[PDB]
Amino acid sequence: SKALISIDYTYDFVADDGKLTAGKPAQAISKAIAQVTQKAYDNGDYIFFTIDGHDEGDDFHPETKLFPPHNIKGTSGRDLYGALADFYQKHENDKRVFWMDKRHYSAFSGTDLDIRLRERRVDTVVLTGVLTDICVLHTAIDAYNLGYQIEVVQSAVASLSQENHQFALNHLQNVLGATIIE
């Protein structure tokens, strides 16, 4: 059917003292992203938490030259932010809810996301999380190239700047043919 992808909504990307935080704009979607995730689950959708994870002793990651350390495996920075954490805790062992560690921006890159979606004959991915113009955008581009229909929940994605958030939404709708949802 459909799969909701919950991209990088962690303490380090959202919290005031997060190591790579997008801050207020990211915090602003905390209630919405939790609500839409529960709704998707209620609707029978599959839910995939696709979460940046960096190993401590890893000097071969391109990001190391680009950003300070963040989302370190084994640390609290990788905790989900807001009520979304309660959803995951409550449904940790549900067959329809998945946690996938990732190391690139796209949720598809180096993961088994496409495999799990194909097993379930999912034709549509619904994207939520941060940042609209980076991990959301890269995930959508890979989804497009893999032939998925794409929906993006506008009230449940966010970027550092409104300008970049807007560029990303326009690209998603007008280049990738995604449906932007409330």
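Heads up: residue numbers just count along the shown sequence, starting at 1.
Higher mean CA B-factor, judged across 80 to 88 and 101 to 109 from the recorded values: 80 to 88. Stretches compared: 142 to 150, 42 to 50. Higher mean C-alpha B-factor in the entry: 42 to 50. Taking the deposited Cα B-factors for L117, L66, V130, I33, the highest one is held by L66. Among the modelled residues of the chain, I181 sits in the highest third by CA temperature factor in this PDB entry. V125 sits in the lowest third of its chain by CA B factor, as recorded in the PDB entry. Ranked by Cα temperature factor within the chain, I29 sits in the middle third according to the deposited record.
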